[PDB]
Amino acid sequence: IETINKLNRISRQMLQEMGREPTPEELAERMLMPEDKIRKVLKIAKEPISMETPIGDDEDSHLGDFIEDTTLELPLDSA
Amino acid sequence: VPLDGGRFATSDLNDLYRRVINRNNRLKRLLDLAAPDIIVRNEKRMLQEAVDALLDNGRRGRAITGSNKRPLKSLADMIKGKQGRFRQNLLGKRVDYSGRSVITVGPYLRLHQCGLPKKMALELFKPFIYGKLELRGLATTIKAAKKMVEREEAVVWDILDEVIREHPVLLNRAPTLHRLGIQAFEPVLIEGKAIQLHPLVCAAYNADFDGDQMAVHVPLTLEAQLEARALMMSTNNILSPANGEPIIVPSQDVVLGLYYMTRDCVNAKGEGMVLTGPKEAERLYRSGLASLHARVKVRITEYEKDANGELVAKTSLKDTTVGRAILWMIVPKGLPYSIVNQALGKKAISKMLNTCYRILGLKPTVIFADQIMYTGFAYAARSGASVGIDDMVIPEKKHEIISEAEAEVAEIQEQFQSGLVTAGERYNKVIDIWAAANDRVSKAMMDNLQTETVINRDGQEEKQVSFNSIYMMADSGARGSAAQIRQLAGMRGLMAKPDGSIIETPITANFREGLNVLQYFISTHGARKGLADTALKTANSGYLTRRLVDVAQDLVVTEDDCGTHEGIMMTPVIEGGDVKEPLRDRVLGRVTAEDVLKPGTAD
Amino acid sequence: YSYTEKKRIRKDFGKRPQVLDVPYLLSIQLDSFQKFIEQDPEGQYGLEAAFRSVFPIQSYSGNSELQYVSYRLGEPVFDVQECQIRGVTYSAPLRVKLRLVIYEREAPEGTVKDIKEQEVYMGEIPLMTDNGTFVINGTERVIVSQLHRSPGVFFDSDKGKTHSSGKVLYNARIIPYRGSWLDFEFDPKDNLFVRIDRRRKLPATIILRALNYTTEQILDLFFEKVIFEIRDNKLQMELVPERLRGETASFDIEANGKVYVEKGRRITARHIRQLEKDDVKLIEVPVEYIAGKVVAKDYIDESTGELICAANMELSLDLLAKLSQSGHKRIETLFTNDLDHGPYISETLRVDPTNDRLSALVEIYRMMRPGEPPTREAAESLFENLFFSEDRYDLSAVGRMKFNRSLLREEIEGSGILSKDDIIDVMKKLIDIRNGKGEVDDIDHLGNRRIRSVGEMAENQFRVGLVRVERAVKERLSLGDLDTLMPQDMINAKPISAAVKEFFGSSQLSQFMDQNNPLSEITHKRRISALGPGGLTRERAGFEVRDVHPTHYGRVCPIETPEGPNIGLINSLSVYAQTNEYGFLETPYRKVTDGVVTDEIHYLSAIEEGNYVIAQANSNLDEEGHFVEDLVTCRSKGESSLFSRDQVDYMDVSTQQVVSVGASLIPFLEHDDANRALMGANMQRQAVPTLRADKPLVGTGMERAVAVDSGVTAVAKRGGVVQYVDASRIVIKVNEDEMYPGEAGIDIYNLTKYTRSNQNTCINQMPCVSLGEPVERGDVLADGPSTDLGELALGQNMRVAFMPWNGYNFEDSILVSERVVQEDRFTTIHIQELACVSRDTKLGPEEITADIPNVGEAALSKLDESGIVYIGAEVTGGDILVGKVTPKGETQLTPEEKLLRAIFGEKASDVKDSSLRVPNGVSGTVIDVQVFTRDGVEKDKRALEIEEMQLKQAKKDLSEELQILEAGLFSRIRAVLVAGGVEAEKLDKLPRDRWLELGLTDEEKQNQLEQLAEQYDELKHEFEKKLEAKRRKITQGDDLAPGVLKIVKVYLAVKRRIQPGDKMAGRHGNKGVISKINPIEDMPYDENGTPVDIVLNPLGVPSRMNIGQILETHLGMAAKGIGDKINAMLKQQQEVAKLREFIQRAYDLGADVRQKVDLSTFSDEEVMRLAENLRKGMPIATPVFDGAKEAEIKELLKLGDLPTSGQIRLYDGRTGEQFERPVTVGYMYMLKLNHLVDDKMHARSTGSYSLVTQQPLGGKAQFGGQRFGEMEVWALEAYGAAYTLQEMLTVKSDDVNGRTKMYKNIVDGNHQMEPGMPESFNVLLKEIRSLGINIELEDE
């Protein structure tokens, strides 16, 4: 957590100064640690996404409809 | 659960649980300290409030939203309303072994049949094929069979044609109002990707070939296909159970040719002569020697019986047109010529079918109607039948009439300026005079559209019905109404403000003269209200429909005779005008309460 | 005249002279965004308004503050195109200037303490194209102007919701741009009431006591005073004479020594007249006449200090005496007549519980913060900040001005906050209109409704972001050090950009542009809705807003709006419309002068026209003098009638003002009903651009306008001469007239080849020009996908008939030839997109290479070794594009296949397949590939192939560009070096380069030497700069996701042509489905042997009143009745002047049409190419209501040697006979739609399912399964069936054992059933057992 907090405090400054979002290599070498850990932190950080979110622009569809049970069986395979 | 991008989705319910736990055990921290009861109290409050949020969030008061700036789902919300489990996944179901597509017209059909694209039924009837392929020994097992399907050899198509035989189908138009929104058919198949479909049943669907599409299901097992072959098949369903009339009215082209064929003109040729039978009549029409509409004395055979169902051979002569003689050539042996010396508008053809049903029943009736459709299309084609600018008629007495109405309204304008009549008086006057003026114009034009044919033909001048297309459309009953044809030639009466309130100065022109901006501008809001309230009759319809059914979902017959005593009396409805419904016809189909008899008593 | 005019001319029949030319179509989007972003010194719109609003920003208490200065936009990184490619937004960044300002609050104002100027980045901002789109992630996206309730103050009244009462209930409302609301209203029982922000009803006077008013002040301002007088004996009074009007006398209302009106008697107008004339204002009366009045204010016997009377207290006679001895000769009192003067406020005061300011403030605080106790300063700051704080309340001064209008003020302006006087005035007007005086207003009158366009929304979310920031900066300022704290570090930039990006990309306004046809584009830009924020909702709506108001005329089209629920909400715009500086609409009108038509114009709003009178366009003006006849169709105040000539003020301009464009291009609309025309317009946008661009003959004249101003196609910005041409692109040169001096002076125009839409359709530009030919500015140079010669064209023109045919056109269906599909002339093209992905995983990265196990190696044949197909390859479902592979785990098994691998031995490796493939049933052809790859990661072999390929392609593009530039520049080096003496023939043969060093001359030749030296320096400068810059533009990696390593894209194509089941229609609502094709032979044919293309059913005409189409048909034929003739004259090949005379006679055919033509003007060559273009017909323009008439076409068909009727004589083809009577025939313009049989068909047998519920899913692309609702079951059990729906519910949806078992039964030739009990029922059981329920099941 505190690594993330540190990192974001840094990147704010980096996008002050560069007029841009920063590159992982740049703020990593400023943060004194290799790109792999940064990249994994970024892979890990974001939260879940609320099954009942309306992918439908209106209430025509929820997200929980358009997935599949890719675990169970198949009848032709049983035969 | 993840998706492919790696992100986990989360049922918001999880949140509702997790917070609960922590507070509980947080309380057990403070309880293990015997801290002041104040913190204890507010934590109890929080717990109660959280359970409330779990069980129904939008109920107690302050509604919880999550990160999304959106409220969360309690448990109840999976049970409430339309999104709940009942009418979303316990009654309104998704189904396997189905499909859908666009519809189109099969006119060469027999109405117990239907059109069908190949590949649809191919994949639908797939495991059937796998099984009998194993049975025949071409594909030893399933993988090989599936590959051969993907390979598409002629043996596959042959086997398809084998399996479709006897194997029925079932359709569904969207939406389903009355139970004849789905009928069982038999498959016949087309090198296309749309469905051909017999025309007459469109009215039972109310479907218009303007981009509609419909759905296909299949009776897998045995009893299913029995019920389909017995009950929802169209031949077993011709009369509405709401009212004992047919739903096999032939609509608008068939009837047109039938009218054109049976007609009492005189113009062409062959008048005043004789034949021995209808066959040489159609013969000589194909040779180009006499019209269909041409009146003639000929031979006729016919049959009857009030016997013990034993027909009464009969033969004589009749004055008649030719086309009526041809049209005799298909009636199945129980109906006289008296049916067919008319010009055959809609009500006739309906009555013909009703007669064939009462006197014979089902098979001969359907055979008859199918031949009706055939012959009607075929002879309407031979017509030549079109529309143009000159078929529309402008009565020359359309300008002066306007001028006198103009002068009248000017008169009463000066009168109300003097201040003698009132606003409502002026108003009533003006509306009455313009309405009568439109009546006068409609009179003129219909008197110059219907029977103006002065065709000298072994006479000097005889008046007969007009050969113009749109009047034949009108009197036939297929499409059109005197108001509408008035509205093509005459001016459009008057139209009102969207309040129900209404205008002073009416319209004064038609289409063929060409509207002007204001008149079109004014017709706008009328049309808008029309399609507007058309849009949403259906909400109320469906809603009260659910109410109706879920009252009466449960009842059923269980018994023949209750053994009880009398109930109701029924009497006619003769008040307000003449009779509107007989005692005779409403009691029809009912039973008798009691010993009754006739005013000649003891009968 | 122009050039493309001369290449082909369309005919007119419009006689009504024009005075206005059509404007640019979509100036409004441009102007809105322009004024938003653009600077403003004083006339605040845009950014500066928000900055000045929220800045400056002091510290938490005062020491430090920030001082806005100004801003700067910045150039973008990329261009438009690569942003379209890279899947990346287009935008420009933002910089701002800030200043720290600290002042020694230890001192009084020690300002010079420290200052730090610094600039700050915060936020990127997207941008508007020259057309009007934005772009995000490779998506042209559009937002739509909104339409809502203006601010200010409104009045209205309801028709006795206590229908018990059946009486009017007035009420009144205020509306700011921002903040809180109010609502004043009457109850049935004659009392005022008030509510903030739809809170509880409360009385009104509490607000006045809250505003530090006293009861005496209240009654002083509201009422007009009835004053008594005692003189020790008797009551006198002072009566305004017009106070008995509509009343009856109580006592003998009598003159000074004389009577006027007896008791119970009508006080006529003459009695009041005589009192007015007899100048009497002292009337002697009884004292008990007082009984009923109210005291104005408490008058006491001030000798005592005792309340003898409280204010608002019904008078008496004991108190009469009691104050008689007080010394008071009168106490002023009030008037009350229920007829004219409403005392409602006073009886309300009698129920006013409070007396003090403080209790009122308490109750307000209470209603708005229940449960909490009162504290003074809290409620006070609350009351004042709800209405008197500039931050929490704003009007957006359109409110202010119309507020001043509705109060009949002279003033215009002020603030976005309140006075008190405003409130008294509005209450006063309410009680007046409750007395009856004045009138209520309506909502639909456009003077009370306002647009809201892009820049405004943008300002809104921009400032709320600013507010998100200033909260923190308040937190940060006063706390830390105050000399070291830079201005910058107190800012975060995420919130502003967050709100802006989520608005431009997640609202319900940012919609994907529709690239069907240019019409779709521009009409989607010229939309208006009334949904979304500050707006409407269908359940909150009825019909009065759906419907039409008389004021739409000239501002909005009443036609063009769809058929679903969204009926009257959205509204496409009118044509010559403009909006107003305050944001209202207005429209052009010609003005009149003494019967003379003032040829200049004015834009008039929704209101002033209601004051004026107005004339129409049909008015046949009498040629520059006056108007012909006295009576003239005019309108005013909502309705129309016939008026004089001198009484008129204004007249309309053209006969198109009311409509939208889509409802304008339709010809002979006048002869058509409204609803079918609506349908035809909304049908005229789901179309497709055809393979070729076949033109429509007829038209209106508004085709090239939209063609141009859609910007889909190229056009010249400088006149000049061609220099090079190609299918891919052109090159132009400019003249000397438009010649900027410093430049080389050439334009250039590359093109857009085959390119996906958002709707998966082809897009292409091609020239319609040639070589060595001149140009003027504005001239088109190439044609988009649906254009020809800069005239719009969607569909094609086709031969028809009108008859039944064996049932194949039963209900409005269609029947066609095979001649068409073999001309491939409704054929169309459909691009499709695909994708694969390489990611990093738990184990290792997904790799990509050709070599994969368990592969049909023939499939590998198509690929390179990277695992990738080549270009131009044909493809089908099941085939492979890309070979992707995935690191594997380890696999658990069964004894059977275990034994099998004991037999054979061979295995899988420790990697599996994830290869992309063509979906089932789809086929096509590849034409493109693309790769996007990370930075720092190795670009593999094929990555380098496409990368050095695109480097070579673009270096070549710039080779061409820079070479022709520098070649134009080398025009110097001949005329300049051959100068300075001369060595011409001796110069020329030698190498070009060693000409600097020859015979050297006086000083300005050395000047020449230095100049050319700098020139050859600039040479390699240019080369270096451009080439290197874009080389390492291209060379880099990409900005993309986590987990990913690279991607691969594919853009392939398919050539789709016609089937049955496909939709088409025409321009009059004449829909049509296809029933079959037929061979040419079976079809009809005329006597001369020309068969016919399609056929259809004429019954649909009267029913639908889609008349004009048949009329169009007649005219259609006449076109080729000329056109055909010409080709004879073309190959007959007789002479120029013959056909010159001929077609000149053709254009001059009509009677009194306003265009003209003179062909002594032209050459012979112009004429010949014109005729070469017209040999297929003679296109026509029929305006909408200055249309042509049947007389003209009848004449024109006499000219074309053809029948007057259009009826002609036909033959069957299947049997050779003749039809018993003629038929109407001609050509009409038709077109197909975006509803394709393969884009609608789908079927299913078995596959995927859900997981929570385990029932098959829905969606064609998703392998849908069809739905079976609750009405179908009602139908079934009506038929008396049980087994069908039993098996339907159990197995084909939910039961698991049953579905599996029966699959394996029916494959074993057994049609048998074995149901279960569904899952969802048990789900319900678990869900209710969650709730404390002991539901269960009882055994039999």
# chains A, B, ... in the order shown; residues from 1 in each chain; ligands from 1

$ interface_residues --of "chain A" --to "chain B" --cutoff "12 Å" --atoms "only C-alpha atoms" --output "MDAnalysis selection string"
chainID A and resid 43:54 59:70 75:79

$ write_last_selection --atoms "N, CA and C atoms" --output "short mmCIF file (atom, residue, chain, number, x, y, z; two decimals), in the first residue's frame"
data_model
loop_
_atom_site.label_atom_id
_atom_site.label_comp_id
_atom_site.auth_asym_id
_atom_site.auth_seq_id
_atom_site.Cartn_x
_atom_site.Cartn_y
_atom_site.Cartn_z
N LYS A 43 0.03 -4.07 -12.49
CA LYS A 43 -0.86 -5.19 -12.81
C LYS A 43 -1.83 -5.47 -11.69
N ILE A 44 -1.44 -5.18 -10.46
CA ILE A 44 -2.16 -5.64 -9.28
C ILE A 44 -3.17 -4.62 -8.80
N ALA A 45 -2.94 -3.34 -9.08
CA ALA A 45 -3.50 -2.28 -8.26
C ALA A 45 -5.01 -2.11 -8.39
N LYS A 46 -5.60 -2.32 -9.56
CA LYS A 46 -6.96 -1.85 -9.75
C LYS A 46 -7.97 -2.82 -9.14
N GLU A 47 -9.09 -2.25 -8.74
CA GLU A 47 -10.19 -2.82 -7.98
C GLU A 47 -11.12 -3.62 -8.88
N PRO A 48 -12.05 -4.37 -8.30
CA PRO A 48 -13.05 -5.06 -9.11
C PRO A 48 -14.14 -4.12 -9.61
N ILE A 49 -15.06 -4.71 -10.36
CA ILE A 49 -15.80 -3.97 -11.38
C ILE A 49 -17.31 -4.18 -11.34
N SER A 50 -17.83 -4.70 -10.23
CA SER A 50 -19.27 -4.61 -9.98
C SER A 50 -20.15 -5.30 -11.01
N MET A 51 -20.26 -6.63 -10.89
CA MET A 51 -21.01 -7.52 -11.78
C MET A 51 -22.25 -6.91 -12.41
N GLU A 52 -23.02 -6.16 -11.64
CA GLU A 52 -24.30 -5.62 -12.09
C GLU A 52 -24.14 -4.28 -12.80
N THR A 53 -22.93 -3.93 -13.22
CA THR A 53 -22.75 -2.70 -13.97
C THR A 53 -23.49 -2.78 -15.31
N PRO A 54 -24.14 -1.69 -15.75
CA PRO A 54 -24.89 -1.74 -17.00
C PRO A 54 -24.05 -1.48 -18.24
N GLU A 59 -31.17 0.39 -19.21
CA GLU A 59 -31.42 -0.87 -18.51
C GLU A 59 -32.04 -1.87 -19.49
N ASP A 60 -31.21 -2.28 -20.45
CA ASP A 60 -31.52 -3.37 -21.36
C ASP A 60 -30.67 -4.59 -21.03
N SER A 61 -29.51 -4.37 -20.42
CA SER A 61 -28.56 -5.44 -20.18
C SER A 61 -27.71 -5.11 -18.97
N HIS A 62 -27.43 -6.13 -18.17
CA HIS A 62 -26.38 -6.06 -17.18
C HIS A 62 -25.19 -6.89 -17.63
N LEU A 63 -24.07 -6.70 -16.95
CA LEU A 63 -22.86 -7.40 -17.35
C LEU A 63 -22.94 -8.87 -16.99
N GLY A 64 -23.70 -9.21 -15.95
CA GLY A 64 -23.81 -10.59 -15.52
C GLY A 64 -24.48 -11.52 -16.51
N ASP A 65 -25.02 -10.99 -17.60
CA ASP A 65 -25.68 -11.81 -18.60
C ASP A 65 -24.70 -12.38 -19.61
N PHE A 66 -23.66 -11.62 -19.97
CA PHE A 66 -22.83 -11.91 -21.13
C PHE A 66 -21.55 -12.64 -20.76
N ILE A 67 -21.60 -13.54 -19.78
CA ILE A 67 -20.48 -14.43 -19.49
C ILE A 67 -20.98 -15.86 -19.48
N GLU A 68 -20.04 -16.79 -19.43
CA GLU A 68 -20.33 -18.20 -19.58
C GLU A 68 -19.61 -19.03 -18.54
N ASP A 69 -20.20 -20.18 -18.25
CA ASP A 69 -19.60 -21.15 -17.35
C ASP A 69 -18.61 -22.00 -18.14
N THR A 70 -17.37 -21.51 -18.19
CA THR A 70 -16.31 -22.19 -18.92
C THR A 70 -15.58 -23.19 -18.04
N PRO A 75 -21.87 -31.96 -23.66
CA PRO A 75 -22.58 -33.24 -23.83
C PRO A 75 -21.94 -34.14 -24.86
N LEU A 76 -21.61 -33.58 -26.03
CA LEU A 76 -20.90 -34.32 -27.06
C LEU A 76 -19.64 -34.96 -26.51
N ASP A 77 -18.95 -34.26 -25.61
CA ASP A 77 -17.74 -34.83 -25.03
C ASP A 77 -18.07 -36.00 -24.11
N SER A 78 -19.21 -35.93 -23.43
CA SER A 78 -19.61 -37.05 -22.59
C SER A 78 -19.89 -38.27 -23.45
N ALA A 79 -20.61 -38.07 -24.55
CA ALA A 79 -20.87 -39.17 -25.47
C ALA A 79 -19.57 -39.69 -26.08
#

$ residues_around --residues "range 977-986 of chain C" --least-positions-apart "3" --cutoff "9 Å" --atoms "only C-alpha atoms" --output "list in words"
residues 972, 973, 974, 989, 990, 995, 996, 999, 1000, 1001, 1002, 1004, 1005 and 1008 of chain C

$ select_by_dssp --residues "range 127-344 of chain C" --states "alpha helix (DSSP H)" --output "ChimeraX atom specification"
/C:205-210,215-222,269-277,318-324,344

$ write_last_selection --atoms "N, CA, C and O atoms" --output "CSV table (one decimal), in the first residue's frame"
chain,number,residue,atom,x,y,z
C,205,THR,N,-44.9,34.5,5.0
C,205,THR,CA,-44.5,35.7,5.7
C,205,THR,C,-43.3,35.4,6.6
C,205,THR,O,-42.5,36.4,7.0
C,206,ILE,N,-43.0,34.2,7.0
C,206,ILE,CA,-41.9,33.8,7.8
C,206,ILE,C,-40.6,34.3,7.1
C,206,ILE,O,-39.6,34.7,7.8
C,207,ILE,N,-40.6,34.3,5.8
C,207,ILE,CA,-39.4,34.7,5.0
C,207,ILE,C,-39.2,36.2,5.3
C,207,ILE,O,-38.1,36.7,5.4
C,208,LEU,N,-40.3,37.0,5.4
C,208,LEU,CA,-40.2,38.4,5.5
C,208,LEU,C,-39.8,38.7,6.9
C,208,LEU,O,-38.9,39.6,7.1
C,209,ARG,N,-40.3,38.1,7.9
C,209,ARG,CA,-39.8,38.2,9.3
C,209,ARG,C,-38.4,37.8,9.4
C,209,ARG,O,-37.6,38.4,10.2
C,210,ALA,N,-37.9,36.9,8.6
C,210,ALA,CA,-36.5,36.5,8.5
C,210,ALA,C,-35.7,37.6,7.9
C,210,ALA,O,-34.5,37.7,8.3
C,215,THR,N,-44.2,43.8,10.7
C,215,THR,CA,-45.6,43.6,10.2
C,215,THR,C,-46.2,44.9,9.6
C,215,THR,O,-46.9,44.9,8.6
C,216,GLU,N,-45.9,46.0,10.2
C,216,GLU,CA,-46.4,47.3,9.8
C,216,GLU,C,-45.8,47.6,8.4
C,216,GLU,O,-46.5,48.1,7.5
C,217,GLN,N,-44.5,47.3,8.2
C,217,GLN,CA,-43.9,47.5,6.9
C,217,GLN,C,-44.5,46.6,5.8
C,217,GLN,O,-44.8,47.1,4.7
C,218,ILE,N,-44.8,45.4,6.2
C,218,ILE,CA,-45.5,44.4,5.3
C,218,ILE,C,-46.8,45.0,4.8
C,218,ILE,O,-47.0,45.3,3.6
C,219,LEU,N,-47.7,45.3,5.7
C,219,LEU,CA,-49.0,45.9,5.3
C,219,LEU,C,-48.8,47.2,4.7
C,219,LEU,O,-49.7,47.6,3.9
C,220,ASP,N,-47.8,48.0,5.0
C,220,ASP,CA,-47.6,49.3,4.3
C,220,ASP,C,-47.4,49.1,2.8
C,220,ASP,O,-48.0,49.7,2.0
C,221,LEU,N,-46.5,48.1,2.5
C,221,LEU,CA,-46.2,48.0,1.0
C,221,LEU,C,-47.3,47.2,0.3
C,221,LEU,O,-47.6,47.5,-0.8
C,222,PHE,N,-47.8,46.2,0.9
C,222,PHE,CA,-48.7,45.3,0.2
C,222,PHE,C,-50.1,46.0,-0.1
C,222,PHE,O,-50.5,46.2,-1.3
C,269,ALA,N,-72.1,52.4,-12.1
C,269,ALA,CA,-71.0,53.1,-12.6
C,269,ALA,C,-71.3,54.6,-12.5
C,269,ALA,O,-70.3,55.4,-12.4
C,270,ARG,N,-72.5,55.0,-12.5
C,270,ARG,CA,-72.8,56.5,-12.4
C,270,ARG,C,-72.7,57.0,-11.0
C,270,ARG,O,-72.4,58.2,-10.8
C,271,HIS,N,-73.1,56.2,-10.0
C,271,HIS,CA,-72.9,56.7,-8.6
C,271,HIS,C,-71.4,56.9,-8.4
C,271,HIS,O,-71.0,58.0,-7.8
C,272,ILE,N,-70.6,55.9,-8.7
C,272,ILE,CA,-69.1,56.1,-8.6
C,272,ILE,C,-68.7,57.3,-9.5
C,272,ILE,O,-67.8,58.1,-9.1
C,273,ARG,N,-69.3,57.5,-10.6
C,273,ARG,CA,-69.0,58.6,-11.5
C,273,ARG,C,-69.3,59.9,-10.8
C,273,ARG,O,-68.4,60.8,-10.9
C,274,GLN,N,-70.4,60.0,-10.2
C,274,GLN,CA,-70.8,61.3,-9.5
C,274,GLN,C,-69.9,61.6,-8.4
C,274,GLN,O,-69.5,62.7,-8.1
C,275,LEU,N,-69.5,60.5,-7.6
C,275,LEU,CA,-68.6,60.7,-6.5
C,275,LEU,C,-67.2,61.1,-7.0
C,275,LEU,O,-66.6,62.0,-6.4
C,276,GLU,N,-66.8,60.6,-8.2
C,276,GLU,CA,-65.6,61.1,-8.8
C,276,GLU,C,-65.7,62.5,-9.3
C,276,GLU,O,-64.7,63.3,-9.2
C,277,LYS,N,-66.9,62.9,-9.7
C,277,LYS,CA,-67.1,64.2,-10.3
C,277,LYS,C,-67.4,65.2,-9.2
C,277,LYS,O,-67.0,66.4,-9.3
C,318,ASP,N,-66.0,48.5,21.6
C,318,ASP,CA,-65.4,48.8,22.9
C,318,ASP,C,-64.0,49.4,22.6
C,318,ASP,O,-63.7,50.4,23.2
C,319,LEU,N,-63.3,48.8,21.7
C,319,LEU,CA,-61.9,49.2,21.4
C,319,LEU,C,-62.0,50.5,20.7
C,319,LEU,O,-61.1,51.4,20.8
C,320,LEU,N,-63.0,50.7,19.9
C,320,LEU,CA,-63.3,52.0,19.2
C,320,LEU,C,-63.3,53.1,20.2
C,320,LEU,O,-62.5,54.1,20.1
C,321,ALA,N,-64.1,53.0,21.3
C,321,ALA,CA,-64.2,54.0,22.3
C,321,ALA,C,-62.8,54.1,23.0
C,321,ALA,O,-62.3,55.2,23.3
C,322,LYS,N,-62.2,52.9,23.3
C,322,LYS,CA,-61.1,52.8,24.1
C,322,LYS,C,-59.9,53.6,23.5
C,322,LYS,O,-59.1,54.2,24.2
C,323,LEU,N,-59.8,53.6,22.2
C,323,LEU,CA,-58.8,54.4,21.5
C,323,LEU,C,-59.4,55.8,21.1
C,323,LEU,O,-58.6,56.7,20.8
C,324,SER,N,-60.7,56.0,21.2
C,324,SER,CA,-61.2,57.3,21.1
C,324,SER,C,-60.7,58.2,22.2
C,324,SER,O,-60.2,59.3,22.0
C,344,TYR,N,-55.4,37.8,1.0
C,344,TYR,CA,-54.9,36.5,1.3
C,344,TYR,C,-53.8,36.5,2.3
C,344,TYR,O,-53.7,35.7,3.3

$ residues_around --residues "residue 937 in chain C" --least-positions-apart "2" --cutoff "8 Å" --atoms "only C-alpha atoms" --output "ChimeraX atom specification"
/C:933-935,939,1037,1045

$ atom_distance --atom1 "CA of residue 672 in chain C" --atom2 "CA of residue 1107 in chain C"
5.7 Å

$ closest_residue --among "C:192, C:80, C:1170, C:1096" --to "chain B" --atoms "only C-alpha atoms"
C:1096

$ atom_distance --atom1 "CA of residue 1080 in chain C" --atom2 "CA of residue 1235 in chain C"
26.5 Å

$ residues_around --residues "residue 59 in chain C" --least-positions-apart "2" --cutoff "8 Å" --atoms "only C-alpha atoms" --output "CSV table (one decimal) with N, CA and C atoms, in the first residue's frame"
chain,number,residue,atom,x,y,z
C,57,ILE,N,-7.9,32.9,-4.9
C,57,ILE,CA,-8.1,31.9,-3.8
C,57,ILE,C,-7.2,32.3,-2.7
C,61,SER,N,-7.5,31.4,5.9
C,61,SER,CA,-7.9,32.6,6.6
C,61,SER,C,-7.5,33.9,6.0
C,62,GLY,N,-6.5,33.9,5.1
C,62,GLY,CA,-6.1,35.1,4.5
C,62,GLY,C,-4.6,35.4,4.1
C,63,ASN,N,-3.6,34.7,4.7
C,63,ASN,CA,-2.2,35.1,4.6
C,63,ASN,C,-1.8,35.0,3.1
C,64,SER,N,-2.0,33.8,2.5
C,64,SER,CA,-1.6,33.6,1.2
C,64,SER,C,-2.8,33.5,0.2
C,65,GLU,N,-2.5,33.9,-1.0
C,65,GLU,CA,-3.5,33.9,-2.0
C,65,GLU,C,-2.9,33.6,-3.4
C,473,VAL,N,-6.8,23.1,-1.8
C,473,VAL,CA,-5.9,24.1,-1.6
C,473,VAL,C,-6.2,25.0,-0.4
C,474,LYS,N,-7.5,25.2,-0.1
C,474,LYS,CA,-7.9,25.7,1.2
C,474,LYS,C,-7.3,24.9,2.3
C,477,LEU,N,-3.0,25.7,2.4
C,477,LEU,CA,-2.3,27.0,2.3
C,477,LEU,C,-1.8,27.5,3.6
C,478,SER,N,-2.6,27.8,4.5
C,478,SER,CA,-2.3,28.5,5.7
C,478,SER,C,-1.4,27.6,6.7

$ interface_residues --of "chain C" --to "chain A" --cutoff "6 Å" --atoms "only C-alpha atoms" --output "list in words"
residues 1042, 1249, 1250, 1251 and 1300 of chain C

$ atom_distance --atom1 "CA of residue 1113 in chain C" --atom2 "CA of residue 12 in chain C"
17.4 Å
